[PDB]
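Read through the structure below, which is laid out as C-alpha cells, and then see the notes.
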Amino acid sequence: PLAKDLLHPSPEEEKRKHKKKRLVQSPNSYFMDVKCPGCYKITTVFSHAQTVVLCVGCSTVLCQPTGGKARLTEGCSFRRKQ
Amino acid sequence: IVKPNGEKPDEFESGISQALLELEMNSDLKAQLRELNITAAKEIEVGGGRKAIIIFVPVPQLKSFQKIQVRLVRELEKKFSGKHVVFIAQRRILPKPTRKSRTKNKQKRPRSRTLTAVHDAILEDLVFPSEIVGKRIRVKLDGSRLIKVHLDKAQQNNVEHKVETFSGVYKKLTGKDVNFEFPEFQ
Amino acid sequence: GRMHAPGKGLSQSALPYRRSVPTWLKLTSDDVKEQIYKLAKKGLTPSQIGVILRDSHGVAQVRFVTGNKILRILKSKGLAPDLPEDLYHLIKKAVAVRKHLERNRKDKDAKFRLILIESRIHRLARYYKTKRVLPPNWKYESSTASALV
Amino acid sequence: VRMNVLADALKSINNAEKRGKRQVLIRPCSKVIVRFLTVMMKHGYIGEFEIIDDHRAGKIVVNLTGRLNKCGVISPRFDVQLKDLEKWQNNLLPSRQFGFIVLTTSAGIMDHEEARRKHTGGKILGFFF
Amino acid sequence: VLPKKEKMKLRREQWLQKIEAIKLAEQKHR
RNA sequence: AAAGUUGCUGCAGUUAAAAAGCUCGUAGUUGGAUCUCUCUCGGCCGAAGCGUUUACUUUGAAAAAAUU
C-alpha cells in the first residue's frame, strides 16, 4: 500500500485496465486472416468489423457485425495476424 | 554513386563507392542499386575503440533503401572488418524564426523541418530492423536528460549487439545520451 | 462531458503508438487511393470509406499508409461534396424530424430535439464559415432543408 | 473544461504528497510543467521525474520526496516588475527562508532569487514551500 | 466545544512551530 | 482603523442575508499539447531592409520647490 512503481506495471494490470487508461494507450482490436471452408483464399478482416465482409470468389458470408467483435461463420478458420 | 551536396568526395566516400560498385556488379542486388545513390559518409569511434560507418543518403530514396537494408548491411559486414553499418537520411534543419533573421523565410518553415521532428526521424532511421515501440525521457537530479527507447522484442536477436553503437552514433550526431531496452510483453 | 447530454462516456478509438505500416499489408498507397476512388464513386462518405477500408482491405489508417487523410485525397481529384458529412447528417436528421412533426403534432419531444439539432447546425455552420468551407451567405432555413439532400 | 494544465499538475502533486505517496502520475505533460518541475528539482523538492512519450501530450511520473508542504499556481499570470517581487513574496511565501515564486521571464523559467540576480521581471507562475 | 478564534490561534501557532522546525532542520544540514 | 461588515490581495450563498423550474440560446470573459539577421556604397566597421506586429520585461534620457 501507498508504494507501487507506476512506471513498470506488470502485464496483467496493463491488460486489465481500460484501453485509454493504460500508461501508453493501445487498442484491444486486431486484424485476422480468415479462410473460407468452401475455398482456399485468405482474407484480412478487422476483429471489430462493422460491415458484413463477403468472399471475393465465393461471395459467402464471412463475418457478421455484432455489438463488439464480429461473429465469424461456423466453418471459417482464422489466425491472428502479427 | 556519390553525389555530395558540397560536391567534395572524401576517400571514405570513394571507398564505399567502389564497395557499392562491387556489390552492384556481383550480387543479386543489381536492378535497384543502379537506380539509387548516396550523399556522404563518416566514421565514428564508439564503445572503446570500435569503429562504425555512417552513410548519409538523400531523403526520397530511403524507402528503396528500406527494402535493401539488411542484405546490404550483411554484405558490407562481409566486405569490411568488424564494424557496424547504419543509414541516416540527410535531413535539413531550418532555424527557428526570431526577430533577427535574414529575409529568406517568406513562408512558414515546415513542421518536418524543425529540430525535434528531424531528431525523432533520425532516431527512427537509426533502427530499421527494430521499430521504436516506446520512448521515455528521464530527467535526472543533475538536470540532464536521458532518452530510453523501447524496441521490438519479436526480432530481438538481430540488433541486440548493435544498441551500444546506436547510442554512440546518436550521442555523436546530436549530443543526447540514449539507451535501448526490450519489453517482455507488448 | 457531452455538449447537451449530461452523460459523460469514454468510448472512443485508441490509436496505437505504432505509426509505421505493418509488414503484412501488401497493398501500396496507390492501390489504397484507387480503392478510395471506387468507394467515392459508389456514393460513400469519407467515414464509410475508412470503415470499409479498415474492415475489408486491412488498411489500419489511411493517413499512415498514404500520408494524407481521406478528405484531402477526395479533395485532390474533386470527388468531395460541397458541404461536409457531419453537417449533411445533421441536416438530414432535421428533415426527418420535421417531416415526423408534420405528421405528428403532439410530439413535443421531437420539437425539443429539433431545437437541439438546429442549434448544432448553427454552431457548426459558424465554425465552417470561420474556416471558409462554407460561403459567407450560407444559411440553414427550415424550408431550405430538403433541397440540400 | 481543462484549462491551465500547470494548475492541474500542481494540484495533483500537492494532493498526492499530502497523502504521503511516493510517486505521482500527471497528465497531460507540457514544457511549462517540465520547466516548473525542473525548478523544483534543482532545489531538492520533488526528487527526479521522467517523461513518458505517447504520440499525444505525454505523461510525467514524479518521485515525491516529502520536503514539500504546498506548491501552487498564481492564475492569471500577473505582470511582475522587479520591485513587486518583495510585495509578491510578502503575499505568498510565509517566511524569508524557504518558498519560491517561479517567474517566466525573457531569460526563461526561473525562481525569484535568480530573477533578482539577472535583474529582470516577468510573469508569475507559482510558488512552493 | 471551544471558540473558533482560539482554534485559529492554535493552528497558526503549530504551523509557525513547523516553520522554524523546517528551518532548523535545514540549518543543521550545513 | 480595528473590519476579511464591500473582500484585487481577501468574504459569503444545505440548515443562519442569499443559487435562477429545465434545456437551447448574442456579445464579453476564458481557452489542451506542439515549432532550438543580412544586402549595398564609404573608413574588422559606419549608413540601409529590418526580423510579422504586438502585449510583457529591462535600460537610458527627461521629469518645480515645499511636504515625505
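Ordering of the C-alpha cells sets the chain letters (A, B, ...); residue numbers start at 1 within each chain; ligands are numbered from 1 in the order shown.
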
So which residues touch residue 50 (chain B) within 12 Å, counting only C-alpha atoms (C1' of nucleotides), skipping near sequence neighbours fewer than 3 positions away, as number ranges by chain?
B: 43-47, 53, 81-84, 162, 164-165, 168-169

Using only C-alpha atoms (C1' of nucleotides), determine which residues lie at most 12 Å from residue 24 (chain E), disregarding the query and same-chain residues fewer than 6 positions distant; provide the list as number ranges by chain.
D: 97-98; E: 17-18, 30

Residue selection dump (C-alpha atoms) as a PDB file, in the first residue's frame:
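Saved the output as part-v4.pdb:
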ATOM      1  CA  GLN D  97      13.938  31.466   4.219  1.00  0.00           C
ATOM      2  CA  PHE D  98      12.020  28.880   2.177  1.00  0.00           C
TER       3      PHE D  98
ATOM      4  CA  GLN E  17       6.386  25.963  15.007  1.00  0.00           C
ATOM      5  CA  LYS E  18       6.587  23.730  11.926  1.00  0.00           C
ATOM      6  CA  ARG E  30      25.015  22.677   6.525  1.00  0.00           C
TER       7      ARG E  30
END

9 Å contacts from chain C to chain F using only C-alpha atoms (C1' of nucleotides), as a PyMOL selection string:
chain C and resi 4+112+115-116+119

Set the distance at 7 Å and use only C-alpha atoms (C1' of nucleotides): which residues neighbour residue 4 (chain B) once local chain neighbours fewer than 5 positions away are removed? I'd like the list as a CSV table (one decimal) with C-alpha atoms, in the first residue's frame.
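The file below, part_27.csv, is the result:
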chain,number,residue,atom,x,y,z
B,9,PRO,CA,34.1,13.4,-52.3
B,39,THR,CA,25.4,11.6,-50.4
B,40,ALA,CA,28.1,11.4,-47.7

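For region 82-165 of chain B, a DSSP pass over the backbone yields strand (DSSP E) at residues 85, 86, 87, 88, 89, 134, 135, 136, 137, 138, 139, 145, 146, 147, 148, 149 and 150 of chain B.
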
Output the selection as a short mmCIF file (atom, residue, chain, number, x, y, z; two decimals), in the first residue's frame - N, CA and C atoms for each residue.
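Writing done, so here's result_21.cif:
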data_model
loop_
_atom_site.label_atom_id
_atom_site.label_comp_id
_atom_site.auth_asym_id
_atom_site.auth_seq_id
_atom_site.Cartn_x
_atom_site.Cartn_y
_atom_site.Cartn_z
N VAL B 85 27.12 -0.90 -39.67
CA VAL B 85 26.63 -0.09 -40.78
C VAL B 85 25.25 0.43 -40.42
N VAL B 86 25.08 1.75 -40.43
CA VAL B 86 23.78 2.38 -40.23
C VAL B 86 23.57 3.41 -41.33
N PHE B 87 22.31 3.66 -41.67
CA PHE B 87 21.93 4.63 -42.69
C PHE B 87 21.16 5.77 -42.05
N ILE B 88 21.50 7.00 -42.44
CA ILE B 88 20.85 8.20 -41.93
C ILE B 88 20.36 9.02 -43.12
N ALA B 89 19.08 9.37 -43.11
CA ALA B 89 18.57 10.32 -44.08
C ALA B 89 19.21 11.68 -43.88
N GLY B 134 8.38 2.30 -27.94
CA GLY B 134 8.18 3.17 -26.80
C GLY B 134 9.34 4.13 -26.65
N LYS B 135 9.10 5.21 -25.92
CA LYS B 135 10.15 6.18 -25.66
C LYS B 135 9.84 6.87 -24.34
N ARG B 136 10.86 7.05 -23.51
CA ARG B 136 10.73 7.78 -22.26
C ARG B 136 11.92 8.71 -22.12
N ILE B 137 11.77 9.79 -21.36
CA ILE B 137 12.84 10.75 -21.15
C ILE B 137 13.01 10.95 -19.65
N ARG B 138 14.12 10.45 -19.11
CA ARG B 138 14.41 10.56 -17.69
C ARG B 138 15.20 11.82 -17.43
N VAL B 139 14.66 12.70 -16.60
CA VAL B 139 15.32 13.95 -16.23
C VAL B 139 15.95 13.73 -14.87
N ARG B 145 19.00 15.22 -19.34
CA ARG B 145 18.03 14.25 -19.81
C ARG B 145 18.70 12.96 -20.25
N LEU B 146 17.88 11.91 -20.38
CA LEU B 146 18.36 10.60 -20.81
C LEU B 146 17.18 9.90 -21.47
N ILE B 147 17.24 9.72 -22.78
CA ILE B 147 16.16 9.07 -23.50
C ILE B 147 16.34 7.56 -23.42
N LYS B 148 15.26 6.85 -23.15
CA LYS B 148 15.26 5.39 -23.19
C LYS B 148 14.27 4.95 -24.25
N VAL B 149 14.75 4.19 -25.23
CA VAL B 149 13.96 3.76 -26.37
C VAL B 149 13.62 2.29 -26.19
N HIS B 150 12.34 1.95 -26.30
CA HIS B 150 11.89 0.57 -26.23
C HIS B 150 11.65 0.08 -27.65
#

Hey, what does DSSP flag as helix (DSSP H, G or I) within chain C? Can you give it to me as a PyMOL selection string?
chain C and resi 29-41+46-55+62-66+70-76+85-103+108-130+146-148

At most 12 Å is the cut-off: for each residue in chain D with any atom that close to an atom of chain C, write down the nearest atom pair and the distance in Å rounded to one decimal, counting only C-alpha atoms, chain first then increasing number, as JSON lines.
{"residue": "D:1", "atom": "CA", "partner": "C:1", "partner_atom": "CA", "distance": 9.1}
{"residue": "D:2", "atom": "CA", "partner": "C:1", "partner_atom": "CA", "distance": 11.5}
{"residue": "D:53", "atom": "CA", "partner": "C:17", "partner_atom": "CA", "distance": 9.5}
{"residue": "D:54", "atom": "CA", "partner": "C:17", "partner_atom": "CA", "distance": 6.7}
{"residue": "D:55", "atom": "CA", "partner": "C:17", "partner_atom": "CA", "distance": 6.5}
{"residue": "D:56", "atom": "CA", "partner": "C:17", "partner_atom": "CA", "distance": 9.5}

Write down, as an MDAnalysis selection string, each residue of chain B that has any atom within 9 Å of an atom of chain F, counting only C-alpha atoms (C1' of nucleotides).
chainID B and resid 95:103 109:111 114:116

Selection above as a file: N, CA, C and O atoms, as a PDB file, in the first residue's frame:
ATOM      1  N   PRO B  95      16.382  27.011 -39.235  1.00  0.00           N
ATOM      2  CA  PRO B  95      16.491  27.680 -37.935  1.00  0.00           C
ATOM      3  C   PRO B  95      15.171  28.291 -37.496  1.00  0.00           C
ATOM      4  O   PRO B  95      14.304  28.610 -38.311  1.00  0.00           O
ATOM      5  N   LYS B  96      15.029  28.434 -36.185  1.00  0.00           N
ATOM      6  CA  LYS B  96      13.802  28.972 -35.613  1.00  0.00           C
ATOM      7  C   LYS B  96      13.670  30.451 -35.954  1.00  0.00           C
ATOM      8  O   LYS B  96      14.606  31.222 -35.713  1.00  0.00           O
ATOM      9  N   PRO B  97      12.542  30.884 -36.518  1.00  0.00           N
ATOM     10  CA  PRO B  97      12.407  32.291 -36.916  1.00  0.00           C
ATOM     11  C   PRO B  97      12.279  33.200 -35.703  1.00  0.00           C
ATOM     12  O   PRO B  97      11.301  33.137 -34.956  1.00  0.00           O
ATOM     13  N   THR B  98      13.282  34.046 -35.512  1.00  0.00           N
ATOM     14  CA  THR B  98      13.315  35.001 -34.421  1.00  0.00           C
ATOM     15  C   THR B  98      13.086  36.402 -34.975  1.00  0.00           C
ATOM     16  O   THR B  98      12.773  36.583 -36.155  1.00  0.00           O
ATOM     17  N   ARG B  99      13.232  37.400 -34.110  1.00  0.00           N
ATOM     18  CA  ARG B  99      13.147  38.796 -34.516  1.00  0.00           C
ATOM     19  C   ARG B  99      14.483  39.353 -35.002  1.00  0.00           C
ATOM     20  O   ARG B  99      14.643  40.575 -35.069  1.00  0.00           O
ATOM     21  N   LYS B 100      15.429  38.477 -35.344  1.00  0.00           N
ATOM     22  CA  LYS B 100      16.663  38.839 -36.044  1.00  0.00           C
ATOM     23  C   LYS B 100      16.959  37.705 -37.023  1.00  0.00           C
ATOM     24  O   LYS B 100      17.600  36.716 -36.650  1.00  0.00           O
ATOM     25  N   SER B 101      16.503  37.839 -38.266  1.00  0.00           N
ATOM     26  CA  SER B 101      16.744  36.791 -39.247  1.00  0.00           C
ATOM     27  C   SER B 101      16.890  37.402 -40.632  1.00  0.00           C
ATOM     28  O   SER B 101      16.517  38.553 -40.870  1.00  0.00           O
ATOM     29  N   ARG B 102      17.455  36.614 -41.540  1.00  0.00           N
ATOM     30  CA  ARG B 102      17.571  37.028 -42.930  1.00  0.00           C
ATOM     31  C   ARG B 102      16.230  36.857 -43.636  1.00  0.00           C
ATOM     32  O   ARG B 102      15.407  36.025 -43.247  1.00  0.00           O
ATOM     33  N   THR B 103      16.014  37.649 -44.687  1.00  0.00           N
ATOM     34  CA  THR B 103      14.716  37.704 -45.355  1.00  0.00           C
ATOM     35  C   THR B 103      14.504  36.604 -46.399  1.00  0.00           C
ATOM     36  O   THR B 103      13.977  36.854 -47.490  1.00  0.00           O
ATOM     37  N   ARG B 109       8.256  27.817 -42.095  1.00  0.00           N
ATOM     38  CA  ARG B 109       9.037  26.603 -42.231  1.00  0.00           C
ATOM     39  C   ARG B 109       8.157  25.393 -41.925  1.00  0.00           C
ATOM     40  O   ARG B 109       7.268  25.473 -41.073  1.00  0.00           O
ATOM     41  N   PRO B 110       8.330  24.292 -42.649  1.00  0.00           N
ATOM     42  CA  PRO B 110       7.505  23.110 -42.399  1.00  0.00           C
ATOM     43  C   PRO B 110       7.812  22.501 -41.042  1.00  0.00           C
ATOM     44  O   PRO B 110       8.918  22.616 -40.511  1.00  0.00           O
ATOM     45  N   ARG B 111       6.793  21.853 -40.472  1.00  0.00           N
ATOM     46  CA  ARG B 111       6.960  21.219 -39.170  1.00  0.00           C
ATOM     47  C   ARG B 111       7.921  20.046 -39.238  1.00  0.00           C
ATOM     48  O   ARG B 111       8.529  19.681 -38.227  1.00  0.00           O
ATOM     49  N   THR B 114      11.710  21.099 -38.531  1.00  0.00           N
ATOM     50  CA  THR B 114      12.082  21.579 -37.211  1.00  0.00           C
ATOM     51  C   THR B 114      13.160  20.688 -36.606  1.00  0.00           C
ATOM     52  O   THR B 114      13.529  19.657 -37.164  1.00  0.00           O
ATOM     53  N   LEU B 115      13.669  21.103 -35.448  1.00  0.00           N
ATOM     54  CA  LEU B 115      14.736  20.349 -34.799  1.00  0.00           C
ATOM     55  C   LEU B 115      14.227  19.021 -34.255  1.00  0.00           C
ATOM     56  O   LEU B 115      14.840  17.969 -34.475  1.00  0.00           O
ATOM     57  N   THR B 116      13.093  19.050 -33.549  1.00  0.00           N
ATOM     58  CA  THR B 116      12.601  17.852 -32.874  1.00  0.00           C
ATOM     59  C   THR B 116      12.090  16.815 -33.866  1.00  0.00           C
ATOM     60  O   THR B 116      12.283  15.611 -33.660  1.00  0.00           O
TER      61      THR B 116
END

Please determine the contact residues of chain D with respect to chain B at a cut-off of 10 Å, counting only C-alpha atoms, and supply them as an mmCIF file with C-alpha atoms, in the first residue's frame.
data_model
loop_
_atom_site.group_PDB
_atom_site.id
_atom_site.type_symbol
_atom_site.label_atom_id
_atom_site.label_comp_id
_atom_site.auth_asym_id
_atom_site.auth_seq_id
_atom_site.Cartn_x
_atom_site.Cartn_y
_atom_site.Cartn_z
ATOM 1 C CA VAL D 34 8.627 20.331 -17.197
ATOM 2 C CA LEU D 37 9.355 20.648 -12.130
ATOM 3 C CA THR D 38 12.993 21.239 -13.076
ATOM 4 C CA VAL D 39 12.952 24.401 -10.945
ATOM 5 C CA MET D 41 14.167 19.571 -8.740
ATOM 6 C CA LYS D 42 17.215 21.852 -8.668
ATOM 7 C CA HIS D 43 16.137 22.964 -5.183
ATOM 8 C CA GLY D 44 15.663 19.364 -3.992
ATOM 9 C CA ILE D 46 10.489 16.564 -5.854
ATOM 10 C CA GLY D 47 13.309 14.083 -6.401
ATOM 11 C CA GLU D 48 13.589 13.244 -10.083
ATOM 12 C CA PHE D 49 10.867 12.792 -12.679
ATOM 13 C CA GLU D 50 10.507 11.088 -16.033
ATOM 14 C CA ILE D 51 8.517 11.987 -19.158
ATOM 15 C CA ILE D 52 6.508 9.198 -20.795
ATOM 16 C CA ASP D 53 6.165 9.721 -24.549
ATOM 17 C CA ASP D 54 2.981 8.695 -26.220
ATOM 18 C CA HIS D 55 2.226 10.424 -29.502
ATOM 19 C CA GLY D 58 2.781 12.997 -22.750
ATOM 20 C CA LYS D 59 2.652 11.993 -19.101
ATOM 21 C CA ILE D 60 5.086 12.608 -16.255
ATOM 22 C CA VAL D 61 5.890 10.302 -13.339
ATOM 23 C CA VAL D 62 7.390 12.236 -10.419
#

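Nearest residue to chain A among B:67, B:51, B:154, B:171 is B:154, counting only C-alpha atoms.
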
One number please: CA of residue 25 (chain B) to CA of residue 90 (chain B), in Å, one decimal.
26.2 Å

Shell around residue 153 (chain B) at 8 Å using only C-alpha atoms (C1' of nucleotides), local window under 5 positions removed, as a list in words:
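Once the nearby chain positions are removed, what remains is residues 182, 183 and 184 of chain B.
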
Near region 11-24 of chain D, within 7 Å and counting only C-alpha atoms (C1' of nucleotides), which residues show up once chain neighbours fewer than 6 positions away are dropped, as a list in words?
residues 2 and 3 of chain A; 61, 62, 63, 64, 65, 66, 70 and 71 of chain D

For region 50-57 of chain C, work out the shell of residues within 10 Å, counting only C-alpha atoms (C1' of nucleotides) and skipping chain neighbours fewer than 6 positions away, then give it as a list in words.
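Near region 50-57 of chain C, the qualifying residues are residues 31, 43, 44, 45, 46, 47, 48, 49, 50, 51, 52, 53, 54 and 55 of chain A; 25, 27, 32, 35, 36, 39, 44, 69 and 70 of chain C.
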
The selected residues should be written to file as a JSON list (two decimals), in the first residue's frame (atoms: N, CA, C and O atoms).
[["chain", "number", "residue", "atom", "x", "y", "z"],
["A", 31, "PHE", "N", -6.18, -7.45, -36.37],
["A", 31, "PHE", "CA", -6.55, -7.91, -37.70],
["A", 31, "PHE", "C", -6.26, -9.40, -37.81],
["A", 31, "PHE", "O", -5.29, -9.91, -37.25],
["A", 43, "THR", "N", -8.40, -13.84, -46.43],
["A", 43, "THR", "CA", -8.98, -12.50, -46.36],
["A", 43, "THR", "C", -8.58, -11.85, -45.04],
["A", 43, "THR", "O", -8.60, -12.50, -43.99],
["A", 44, "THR", "N", -8.22, -10.57, -45.09],
["A", 44, "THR", "CA", -7.85, -9.82, -43.90],
["A", 44, "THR", "C", -9.07, -9.08, -43.37],
["A", 44, "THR", "O", -9.61, -8.21, -44.05],
["A", 45, "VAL", "N", -9.49, -9.43, -42.16],
["A", 45, "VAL", "CA", -10.72, -8.90, -41.57],
["A", 45, "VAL", "C", -10.38, -8.27, -40.22],
["A", 45, "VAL", "O", -9.61, -8.84, -39.43],
["A", 46, "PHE", "N", -10.91, -7.08, -39.98],
["A", 46, "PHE", "CA", -10.85, -6.44, -38.67],
["A", 46, "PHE", "C", -11.66, -7.26, -37.68],
["A", 46, "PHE", "O", -12.74, -7.76, -38.01],
["A", 47, "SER", "N", -11.14, -7.39, -36.45],
["A", 47, "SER", "CA", -11.83, -8.16, -35.42],
["A", 47, "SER", "C", -13.17, -7.53, -35.05],
["A", 47, "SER", "O", -14.16, -8.24, -34.85],
["A", 48, "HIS", "N", -13.22, -6.21, -34.97],
["A", 48, "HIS", "CA", -14.41, -5.47, -34.57],
["A", 48, "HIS", "C", -15.09, -4.83, -35.78],
["A", 48, "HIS", "O", -15.51, -3.67, -35.72],
["A", 49, "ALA", "N", -15.17, -5.56, -36.89],
["A", 49, "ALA", "CA", -15.71, -5.01, -38.12],
["A", 49, "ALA", "C", -17.20, -4.70, -37.98],
["A", 49, "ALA", "O", -17.95, -5.45, -37.37],
["A", 50, "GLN", "N", -17.61, -3.58, -38.58],
["A", 50, "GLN", "CA", -18.99, -3.13, -38.50],
["A", 50, "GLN", "C", -19.80, -3.48, -39.74],
["A", 50, "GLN", "O", -21.03, -3.45, -39.68],
["A", 51, "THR", "N", -19.15, -3.79, -40.86],
["A", 51, "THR", "CA", -19.84, -4.15, -42.08],
["A", 51, "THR", "C", -19.66, -5.63, -42.38],
["A", 51, "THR", "O", -18.67, -6.24, -41.97],
["A", 52, "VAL", "N", -20.64, -6.21, -43.06],
["A", 52, "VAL", "CA", -20.53, -7.61, -43.45],
["A", 52, "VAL", "C", -19.53, -7.72, -44.60],
["A", 52, "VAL", "O", -19.56, -6.94, -45.56],
["A", 53, "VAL", "N", -18.59, -8.64, -44.46],
["A", 53, "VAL", "CA", -17.50, -8.78, -45.41],
["A", 53, "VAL", "C", -17.70, -10.08, -46.19],
["A", 53, "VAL", "O", -17.77, -11.16, -45.59],
["A", 54, "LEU", "N", -17.79, -9.97, -47.50],
["A", 54, "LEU", "CA", -18.09, -11.10, -48.37],
["A", 54, "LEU", "C", -16.81, -11.63, -49.00],
["A", 54, "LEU", "O", -15.79, -10.94, -49.09],
["A", 55, "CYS", "N", -16.87, -12.88, -49.44],
["A", 55, "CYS", "CA", -15.74, -13.51, -50.10],
["A", 55, "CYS", "C", -15.57, -12.95, -51.50],
["A", 55, "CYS", "O", -16.54, -12.63, -52.18],
["C", 25, "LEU", "N", 0.79, -6.01, -44.76],
["C", 25, "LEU", "CA", -0.05, -5.31, -45.73],
["C", 25, "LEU", "C", 0.71, -5.16, -47.03],
["C", 25, "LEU", "O", 1.64, -4.35, -47.13],
["C", 27, "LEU", "N", -0.69, -4.18, -49.84],
["C", 27, "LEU", "CA", -1.25, -3.10, -50.64],
["C", 27, "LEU", "C", -0.36, -1.87, -50.56],
["C", 27, "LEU", "O", 0.15, -1.52, -49.49],
["C", 32, "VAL", "N", -4.56, 1.74, -52.48],
["C", 32, "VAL", "CA", -5.47, 2.34, -51.50],
["C", 32, "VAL", "C", -6.19, 3.54, -52.10],
["C", 32, "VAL", "O", -7.39, 3.72, -51.90],
["C", 35, "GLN", "N", -8.81, 2.45, -54.43],
["C", 35, "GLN", "CA", -9.91, 1.92, -53.63],
["C", 35, "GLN", "C", -10.79, 3.05, -53.11],
["C", 35, "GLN", "O", -12.03, 2.96, -53.16],
["C", 36, "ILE", "N", -10.17, 4.14, -52.64],
["C", 36, "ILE", "CA", -10.91, 5.33, -52.22],
["C", 36, "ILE", "C", -11.71, 5.89, -53.39],
["C", 36, "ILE", "O", -12.84, 6.35, -53.22],
["C", 39, "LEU", "N", -14.72, 3.73, -54.08],
["C", 39, "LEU", "CA", -15.64, 3.86, -52.96],
["C", 39, "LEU", "C", -16.38, 5.19, -53.02],
["C", 39, "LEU", "O", -17.59, 5.25, -52.75],
["C", 44, "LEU", "N", -20.18, 7.15, -51.36],
["C", 44, "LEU", "CA", -19.85, 6.92, -49.97],
["C", 44, "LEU", "C", -19.22, 8.17, -49.35],
["C", 44, "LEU", "O", -18.43, 8.86, -50.00],
["C", 69, "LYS", "N", -4.92, 12.19, -45.06],
["C", 69, "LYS", "CA", -6.22, 11.69, -44.64],
["C", 69, "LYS", "C", -7.23, 11.79, -45.78],
["C", 69, "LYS", "O", -7.01, 12.48, -46.77],
["C", 70, "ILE", "N", -8.36, 11.09, -45.61],
["C", 70, "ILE", "CA", -9.20, 10.69, -46.73],
["C", 70, "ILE", "C", -9.85, 11.89, -47.42],
["C", 70, "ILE", "O", -10.02, 11.89, -48.64]]

How close does chain A get to chain D? List, as CSV, each residue of chain A within 10 Å, its nearest atom pair and the distance in Å to one decimal, counting only C-alpha atoms.
residue,atom,partner,partner_atom,distance
A:1,CA,D:21,CA,9.5
A:2,CA,D:21,CA,5.6
A:3,CA,D:22,CA,6.1
A:4,CA,D:23,CA,7.9
A:5,CA,D:23,CA,7.5
A:6,CA,D:23,CA,7.3
A:7,CA,D:61,CA,7.2
A:23,CA,D:52,CA,8.3
A:24,CA,D:54,CA,5.8
A:25,CA,D:54,CA,7.9

Once you count only C-alpha atoms, which residues of chain E turn out to be within 10 Å of chain D? Could you give them as number ranges by chain?
E: 16, 19-20, 22-23, 26

A straight line from CA of residue 100 (chain D) to CA of residue 127 (chain D) spans 4.5 Å

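Among the candidates B:59, B:151, B:132, B:68, the residue lying nearest to chain C is B:132 (atoms considered: only C-alpha atoms).
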